[PDB]
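Written below as structure tokens is the structure these notes are about.
In what follows, every chain begins at residue 1, and chains take the letters A, B, ... in the order their sequences are listed.
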Amino acid sequence: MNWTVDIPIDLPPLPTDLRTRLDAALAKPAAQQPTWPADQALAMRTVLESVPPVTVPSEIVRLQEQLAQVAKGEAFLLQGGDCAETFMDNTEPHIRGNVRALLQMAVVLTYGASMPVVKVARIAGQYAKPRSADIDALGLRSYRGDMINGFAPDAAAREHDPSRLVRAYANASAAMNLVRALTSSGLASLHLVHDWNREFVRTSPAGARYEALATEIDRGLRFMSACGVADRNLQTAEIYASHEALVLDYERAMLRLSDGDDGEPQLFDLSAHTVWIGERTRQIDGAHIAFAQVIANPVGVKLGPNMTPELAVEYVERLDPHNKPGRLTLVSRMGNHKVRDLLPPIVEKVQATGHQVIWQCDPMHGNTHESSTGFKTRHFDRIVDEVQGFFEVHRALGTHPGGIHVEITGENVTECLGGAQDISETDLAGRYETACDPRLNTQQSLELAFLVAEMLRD
Amino acid sequence: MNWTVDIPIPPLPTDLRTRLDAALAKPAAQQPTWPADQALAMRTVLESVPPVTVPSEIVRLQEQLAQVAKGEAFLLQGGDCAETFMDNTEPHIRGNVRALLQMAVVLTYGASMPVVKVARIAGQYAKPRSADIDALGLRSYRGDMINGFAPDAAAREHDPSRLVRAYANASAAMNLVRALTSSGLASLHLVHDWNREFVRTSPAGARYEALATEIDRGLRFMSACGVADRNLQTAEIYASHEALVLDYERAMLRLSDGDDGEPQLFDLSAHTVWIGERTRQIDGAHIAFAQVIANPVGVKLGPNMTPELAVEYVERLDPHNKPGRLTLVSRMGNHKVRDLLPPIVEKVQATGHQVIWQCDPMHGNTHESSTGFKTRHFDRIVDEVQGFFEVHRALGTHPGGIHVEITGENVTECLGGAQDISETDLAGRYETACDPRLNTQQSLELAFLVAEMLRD
Amino acid sequence: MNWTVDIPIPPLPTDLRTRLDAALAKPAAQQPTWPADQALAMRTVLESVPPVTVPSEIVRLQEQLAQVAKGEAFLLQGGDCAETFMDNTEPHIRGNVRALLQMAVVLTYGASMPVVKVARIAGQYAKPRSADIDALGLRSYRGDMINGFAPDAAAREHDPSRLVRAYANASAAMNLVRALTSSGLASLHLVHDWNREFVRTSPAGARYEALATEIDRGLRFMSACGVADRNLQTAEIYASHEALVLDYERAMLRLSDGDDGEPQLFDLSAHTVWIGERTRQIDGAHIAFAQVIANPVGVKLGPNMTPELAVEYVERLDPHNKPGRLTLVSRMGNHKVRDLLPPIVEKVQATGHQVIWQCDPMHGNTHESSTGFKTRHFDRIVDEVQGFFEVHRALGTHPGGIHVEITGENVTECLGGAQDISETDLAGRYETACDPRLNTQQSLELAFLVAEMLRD
Amino acid sequence: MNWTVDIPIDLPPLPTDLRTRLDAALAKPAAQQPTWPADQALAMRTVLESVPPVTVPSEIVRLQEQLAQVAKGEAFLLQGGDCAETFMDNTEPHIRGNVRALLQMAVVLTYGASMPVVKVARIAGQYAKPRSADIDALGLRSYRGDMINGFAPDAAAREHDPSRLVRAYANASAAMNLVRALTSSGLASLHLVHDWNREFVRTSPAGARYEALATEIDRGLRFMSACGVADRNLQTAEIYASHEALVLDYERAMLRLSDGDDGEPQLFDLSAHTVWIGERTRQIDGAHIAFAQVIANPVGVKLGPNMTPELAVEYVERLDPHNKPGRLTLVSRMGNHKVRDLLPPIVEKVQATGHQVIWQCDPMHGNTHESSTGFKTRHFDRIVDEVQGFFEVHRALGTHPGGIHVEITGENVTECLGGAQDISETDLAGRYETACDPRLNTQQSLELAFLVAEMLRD
Ligand SMILES: N[C@H](Cc1c[nH]c2ccccc12)C(=O)O
Ligand SMILES: N[C@H](Cc1c[nH]c2ccccc12)C(=O)O
Ligand SMILES: N[C@H](Cc1c[nH]c2ccccc12)C(=O)O
Ligand SMILES: N[C@H](Cc1c[nH]c2ccccc12)C(=O)O
Ligand SMILES: N[C@H](Cc1c[nH]c2ccccc12)C(=O)O
Ligand SMILES: N[C@H](Cc1c[nH]c2ccccc12)C(=O)O
Ligand SMILES: N[C@H](Cc1c[nH]c2ccccc12)C(=O)O
Ligand SMILES: N[C@H](Cc1c[nH]c2ccccc12)C(=O)O
Ligand SMILES: [Mn+2]
Ligand SMILES: [Mn+2]
Ligand SMILES: [Mn+2]
Ligand SMILES: [Mn+2]
């Protein structure tokens with residue numbers, strides 16, 4: 001009839017002082033919010049206020065410690081996953097593939113950087129997106145991600161449905177459960193992950209190019225074993241969860257109070273470990289920035305080509321008022337043709353504040369174009385070149401190129417042009433599967449890690 | 001108040017399909033009565049969801065249960081009698097995880113060997129009933145996977161959407177159990193501090209002070225010897241429930257890769273499951289389903305168990321003689337266990353198979369109070385574990401573990417303990433959706449008492 | 001019966017040469033009387049030999065002694081009163097190492113904190129004498145570094161070749177101590193098994209059974225919690241002796257590299273040394289020598305110690321306020337310790353320096369038996385440690401350690417203990433070349449008793 | 001007067017059954033023995049029978065386990081030190097230097113081999129040597145090593161002096177004490193040792209040649225740390241002690257019985273962990289081979305160019321009668337011009353026995369010549385080439401090139417020609433300090449390790 005099933009829905013409030021501060025923050029204007037009825041939103045938030053959290057505060061405190069090391073130039077941040085997760089594709093094979101692809105990158109980057117890599121997935125919550133246009137090319141209300149409405153090009157599917165708040169949480173908690181299982185039970189074994197990398201080198205069209213570094217890494221691993229390193233710390237990995245904090249109904253409902261066995265109680269957003277604010281919602285006096293101000297999680301802000309040095313400093317002063325290294329990550333996405341010019345005066349001005357942000361490169365979102373064959377796509381070479389320029393900016397300034405933020409999948413999709421597979425405009429039509437932006441496929445994402453490893457090694 | 005999910009629009013190896021079909025074609029007791037087409041829709045949803053557990057965890061559990069079977073570890077299994085969707089919250093889950101960990105510390109010290117920790121959690125949403133009409137003249141409550149606790153006819157109708165609600169709640173609970181155990185709740189030193197606070201405040205804490213202090217001095221000894229808090233920071237808590245609703249269990253089957261031997265069916269709704277008294281028909285679907293899955297399994301054994309039938313369970317469910325694959329869960333009643341258990345243990349031991357012998361001291365010791373509550377006396381619960389130990393000591397066999405129903409809540413559900421919970425007291429916080437649980441103090445007191453059994 | 005060694009045919013920093021010269025120019029008590037030119041030849045040999053210890057070990061010991069001084073570890077120091085060349089054998093060295101380890105296990109459990117293990121070994125070859133003529137009318141025996149034990153005049157002549165014989169024996173003993181401690185003698189589980197055998201066979205083993213079993217259950221708990229035998233397989237035993245013969249100690253000085261701060265003189269005849277009652281003249285060469293070397297040092301404090309003099313030792317020997325650099329070693333007599341120690345501890349604590357307070361319960365409790373033997377009563381030895389603990393408990397200060405004279409041999413040298421060694425018994429195996437030692441059973445019994453003091 | 005000092009000398013016997021077997025073995029003829037009086041030898045043996053052992057049996061059992069792994073192709077044996085230790089040069093700086101030089105080699109070989117390296121020093125007992133001629137070029141009785149007589153060209157010094165048995169033990173136990181201290185207290189820290197290697201690359205004349213591999217190793221080490229390997233297993237190293245078992249008075253006096261907490265009591269030679277029998281004393285029916293037969297230690301036999309395949313098999317049958325992998329090491333020293341020809345039929349015949357020996361290359365003792373300027377010397381290139389040929393023999397046969405046995409020192413001596421320093425015949429006169437054969441100096445020994453690492457990597 002509909003080919004759906006309906007699932008029926010049937011504790012103490014947050015402290016009054018923290019709620020008072022939250023309410024003053026959320027009184028600010030919020031861009032890009034769903035347009036569902038307030039009373040229905042309230043009902044769904046009330047459901048979510050009672051569910052088990054996706055993450056817990058001690059994990060977020062640990063992440064914060066590891067991100068402080070990144071900010072101080074003593075680790076590197078890898079952040080990667082789908083552009084937009086869908087409920088339909090939130091499956092074991094797909095989750096496992098994206099976790100594998102992230103781990104494979106991390107091995108190569110760890111060796112290249114000669115320092116720890118903090119692994120943060122875009123996963124278990126990346127279900128909401130902004131739109132510039134409220135009507136899409138089919139004359140429909142725009143798809144806004146599965147937390148808000150449906151991808152299917154159908155008017156009914158596109159109506160904003162607050163029950164998707166609860167479907168999002170179910171999907172997020174189920175995905176996170178599996179990410180925890182996979183990372184603690186042997187998928188994330190260093191030797192197993194490297195074996196996958198060896199197979200990539202064996203079969204890639206440009207594997208000859210990456211053979212030398214792959215063999216080095218292999219000889220590094222075998223050296224560890226030769227020296228009598230026990231495989232204990234090598235058996236499991238930590239993968240943290242992240243998404244864009246966009247739908248404030250969801251994020252506010254997933255706020256919890258820490259139990260104060262750590263230093264004192266505060267608000268954590270336990271929908272994720274770390275979240276970032278996007279280019280379309282980072283209004284300095286808007287609700288998203290004010291929400292980020294109130295929560296204890298590490299946070300990031302996207303910085304595009306219109307960014308000024310002065311506005312960047314404002315973000316730093318609002319979001320890192322206590323000068324905690326790693327609390328704030330500034331995520332540059334300029335375009336490969338602009339990054340070398342636009343980034344330096346922003347970095348200089350922010351460095352002069354005495355604060356220590358993480359400088360992270362997003363080489364995807366500034367390098368998107370439309371193909372002749374009608375697909376939204378990005379060229380691999382432009383993605384690579386923005387990271388190259390980003391490294392050059394930091395090397396010239398003596399600052400730390402702190403990490404990358406990429407959109408990838410373990411699927412063999414045909415979404416970005418180029419790479420060693422030499423994906424063409426024609427090829428795009430084969431497996432163009434993204435519900436939003438074009439992702440690096442599993443080979444392209446690994447090839448990028450090898451290339452960035454060589455940047456790190458210089 | 002509906003959320004809504006879409007019904008999704010590589011085949012099993014032929015032999016596994018054949019064997020699964022044959023198992024599920026056998027008669028199955030205690031199944032919900034809902035329409036086949038609606039059940040199919042829900043199963044098709046569940047066949048696509050992320051699993052609650054993964055096969056490598058289950059293989060690890062099997063290794064650790066083999067050590068139990070060989071007399072080199074002890075099995076602690078505990079949690080709610082029935083999880084509810086309403087009470088599937090962070091505080092409640094944290095409390096039950098804490099209560100299990102607290103027990104495990106005391107039992108680990110008492111046993112002088114590792115304790116395998118298995119929660120009744122993230123799936124324990126279905127129960128059998130002897131009668132389909134209850135004392136109020138309603139269709140019986142069968143757990144939140146099947147129908148609703150509320151005493152009205154509409155709530156008690158069997159609703160297949162509860163299959164998917166059960167999974168949602170299970171996966172969210174399991175996520176949190178993983179987080180809590182890897183991120184410091186399960187720190188050995190933190191858990192023991194809770195035990196010290198119990199001794200401080202219990203009415204019979206004087207009784208348990210000496211052993212508590214011994215444990216404390218054992219922990220400090222580790223630190224004194226330069227043991228780093230690496231192995232001590234985190235714990236493994238496995239998930240278990242009664243495999244009852246075969247619509248749910250069959251939909252949560254996944255095929256392993258052939259990285260370990262050959263491809264097998266794992267039930268990834270849990271790490272380990274057990275078959276109950278009312279569904280363990282030797283030629284029934286539940287026992288046959290258990291034969292087809294790779295998980296470690298248990299079978300409840302009540303007072304009508306024969307030595308010969310016990311051997312037949314062993315031979316059907318442990319056909320490859322894999323130590324720890326099968327757990328036999330005695331629940332006899334404290335007045336019967338000493339008499340009924342020995343000839344069952346003797347006969348099974350003579351097979352050359354190595355089962356885990358596990359004591360369930362709850363389900364054989366239930367009575368109704370004057371004040372109308374289903375309850376159990378603490379002293380009878382303790383005494384069945386005592387008798388169980390005596391049976392094994394006399395035979396030279398391994399008293400392998402306990403299976404108890406507990407909660408971290410301060411409920412008033414079982415009589416007695418050091419709090420001396422009375423029939424009157426029961427009315428205060430009788431919160432269980434099914435059987436009476438040991439509250440958090442009673443569960444810890446039981447662990448101290450069983451530690452003293454282990455030490456003798 | 002001579003082996004023969006050749007006299008070997010970068011200058012100190014000027015300030016260290018100046019300070020060493022000034023120290024050694026001060027008056028030195030209790031020195032051998034042998035010709036300067038012969039002493040010089042021997043020192044020149046010793047200036048070229050491989051050191052018994054190395055500076056990084058001494059820096060590590062200093063770190064571990066700082067933890068003792070801060071109340072976070074306990075110091076066990078024990079071995080022969082006087083090592084002899086004749087008894088410097090594998091069995092004897094192994095026995096004394098075993099006896100020290102056995103004590104350390106019990107004390108570690110009792111203290112609930114790490115025990116720093118320091119043997120009187122690999123150098124303890126020289127002793128002071130109050131009288132230069134002994135009861136037989138001979139020149140007194142002064143230890144094998146100086147002259148011979150045999151009661152005849154020729155053997156008692158001071159012989160500087162014994163300097164080099166002492167080093168040879170020391171370095172050979174230290175080699176073996178290193179081998180034994182890294183290669184399984186010092187395995188925690190093996191050492192505890194020896195303790196279990198003692199409880200099995202001692203006449204008062206019933207008395208110590210409960211604590212022995214507690215310790216056993218503590219060890220098994222570690223294993224149960226999945227502690228790997230990595231940290232448990234090996235132990236560190238440091239070497240110590242009284243720094244008495246300044247010809248020997250000065251020849252065994254080596255200059256550190258400047259990898260840790262600046263170059264310093266280390267005495268590499270040992271890890272730590274102490275200055276005795278008869279050589280601790282505040283303006284004498286021994287105290288000045290101790291000021292110049294980087295090793296942790298101790299000073300013996302007897303019944304005539306004032307609080308003011310104790311403070312002067314602290315200020316001279318710990319001028320930089322480095323916790324654990326100085327150990328003050330109380331030896332008062334069991335009848336005096338409670339009275340004499342408190343005002344010394346109070347005054348020193350008020351300085352803001354953190355010394356190690358260590359009990360030597362032997363040297364203040366020596367008497368002569370009817371049957372002619374120098375002996376000590378076990379009960380008086382125990383009682384001085386008891387009083388020492390009482391002094392510290394009353395003051396809120398740290399009873400930091402003990403310094404005892406023990407052997408792994410079944411000798412008959414100290415009266416009493418559970419064996420009830422009598423005056424008659426003494427004649428059986430009175431084997432010490434100087435003071436009466438606790439035998440292997442008495443030394444272990446003492447550790448059990450001091451563990452109970454630690455537990456109160 | 002003499003410029004010496006005299007040191008005066010002042011327990012249950014070994015079991016009667018073991019002594020009976022020992023006496024039957026030592027009844028055999030023994031070559032190259034000192035000629036001191038029997039009654040004086042007996043007195044000195046009686047002294048030594050009572051001294052603390054240099055090594056203990058549990059260490060030797062552990063070595064045997066690690067050598068079994070070498071024999072099975074899963075580890076590599078490095079054995080190195082002075083040709084002849086002297087008492088005069090048995091000092092802290094010299095011992096420390098030789099330990100450092102061995103460790104430096106081991107790091108490079110571990111990385112190159114991608115498997116553990118068993119580190120065995122020629123040290124703490126290498127005090128005795130054979131001679132072909134009983135009169136030397138000065139018309140004196142030949143120097144036979146400090147255990148027997150004195151190096152000084154003086155008739156009195158050259159008389160065989162049994163008190164040197166006890167001086168040898170004193171020196172051995174003092175050296176071993178220090179080797180234990182150094183290896184457990186931070187000299188043997190992996191990172192510290194590698195830093196020395198970095199400094200060598202910085203300053204060697206051919207450091208450009210070895211820079212790439214040095215940097216690889218550095219990046220391997222930093223990878224370990226990046227992956228969160230704790231520096232516990234990396235802080236200390238095991239260095240075992242070895243010498244040629246030549247003077248049977250010494251070796252027999254240092255026999256001890258194991259305490260039988262291991263499987264059963266037997267005779268261990270506790271003067272060392274492992275000993276070998278030389279080319280001049282390996283008579284198949286001689287006392288040295290029979291002594292090696294009776295002791296439990298791992299043992300080696302030198303095989304020179306006159307070796308037959310049949311005699312090699314005889315050694316295997318006498319010395320490894322229980323087919324214990326690693327118990328026997330066969331140490332080829334052929335000459336670089338002969339090894340490729342002479343070794344293969346020996347390896348083939350021995351492999352066919354079903355026994356697993358360690359095949360170890362001694363590239364020194366077959367490659368010695370006299371310079372025009374009068375010095376006994378070896379060319380670096382010939383030393384390297386014999387190891388090269390040795391590897392080629394094993395690669396062709398599918399057998400395991402199991403290790404090397406070299407004569408090295410941490411001193412900057414001028415004893416072997418060539419290397420990157422290009423040591424000439426003229427240069428030899430500068431620091432020719434060996435009491436017997438020419439050693440690789442500290443730079444040459446490290447350069448050899450780099451070159452053999454490249455052999456391992458092929
Ligand atoms: N693909 C998902 C299926 C899903 C994930 N978590 C839950 C929880 C409860 C029911 C279904 C699911 C979906 O379409 O939501
Ligand atoms: N486990 C040690 C690691 C090590 C420590 N120092 C060194 C020096 C050279 C090689 C290795 C090591 C080992 O592999 O022996
Ligand atoms: N206690 C839960 C609340 C809830 C609603 N949807 C989900 C999804 C996943 C976990 C929990 C929940 C209930 O009433 O079902
Ligand atoms: N880390 C060691 C543990 C140990 C090993 N053997 C012994 C013997 C006695 C006491 C302790 C130990 C240590 O704590 O010294
Ligand atoms: N007990 C020793 C035996 C001995 C003789 N020379 C040495 C050298 C090193 C150690 C011991 C010995 C003694 O009588 O001196
Ligand atoms: N390896 C863990 C140690 C541990 C950590 N937390 C707890 C709580 C209760 C018992 C033990 C542990 C283990 O033994 O399970
Ligand atoms: N160079 C050494 C010095 C030596 C080494 N060990 C001992 C023991 C006793 C006396 C001297 C030495 C030598 O010439 O023997
Ligand atoms: N301690 C882990 C090591 C590790 C395990 N799996 C992976 C995968 C990719 C990189 C590293 C690791 C860590 O460094 O995160
Ligand atoms: Mn995107
Ligand atoms: Mn129940
Ligand atoms: Mn004394
Ligand atoms: Mn040589």
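Taking the six-membered ring where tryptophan is involved, the planes of B:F373 and B:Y430 are tilted, since the angle between them lies from 30° to 60°.
Here the side chains of B:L253 and B:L20 are in contact, with some heavy-atom distance below 4.5 Å. Taking the side chain as every heavy atom from C-beta outward, B:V245 and B:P32 approach each other to under 4.5 Å. Contact annotation: the side chain of B:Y125 never approaches that of B:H241 to less than 4.5 Å [non-hydrogen atoms, C-beta and beyond]. Looking at heavy atoms from C-beta onward, B:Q77 lies out of side-chain contact with B:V404 at the 4.5 angstrom threshold. The closest side-chain heavy-atom distance from B:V52 to B:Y167 is below 4.5 Å. Taking 4.5 Å as the limit, some side-chain heavy atom of B:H158 sits within range of a side-chain heavy atom of B:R139. At a threshold of 4.5 Å between non-hydrogen side-chain atoms, the residues B:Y313 and B:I287 count as touching. Side chains of B:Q30 and B:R142 form a contact here, defined as non-hydrogen atoms less than 4.5 Å apart.
With salt bridges taken as basic N to acidic carboxylate O contacts below 4.0 Å, none links B:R250 and B:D21. Using a 4.0 Å cut-off between charged nitrogen and carboxylate oxygen, B:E409 and B:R429 count as a salt-bridge pair. Looking at B:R376 and B:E405, a side-chain N of the basic residue comes within less than 4.0 Å of a carboxylate O on the acidic one, giving a salt bridge. For the pair B:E312 and B:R316, the salt-bridge criterion is met [side-chain N within less than 4.0 Å of a carboxylate O]. A salt bridge links B:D247 to B:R43: one of the charged nitrogens lies within less than 4.0 Å of a carboxylate oxygen. Under the 4.0 Å criterion applied to side-chain N and carboxylate O atoms, B:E57 and B:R178 are assigned as salt-bridge partners. Salt bridge B:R437/B:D80: present, at least one basic N to carboxylate O contact under 4.0 Å. Checked for salt-bridge contact, A:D10 and B:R165 meet the test: a charged N lies under 4.0 Å from a carboxylate O. Between B:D134 and B:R156 there is a salt bridge, since a side-chain N of the basic residue sits under 4.0 Å from a carboxylate O of the acidic one.
A donor and an acceptor atom, one from each side chain of B:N334 and B:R380, are located under 3.5 Å apart.
No donor-acceptor pair under 3.5 Å is formed between the side chain of B:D6 and the backbone N or O of B:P8. For B:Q419 (side chain) and B:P203 (main-chain N/O), no donor-acceptor pair under 3.5 Å exists by modelled atom type.
Here OG of B:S269 is found 4.0 Å from CD of B:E249. Values are rounded to the nearest 0.5 Å. Atoms CG and CD, from B:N410 and B:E413 in turn, are 10.5 Å apart once rounded to the nearest 0.5 Å.
Residues B:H286 and B:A28 share a closest heavy-atom pair of CE1-CB, 4.2 Å.
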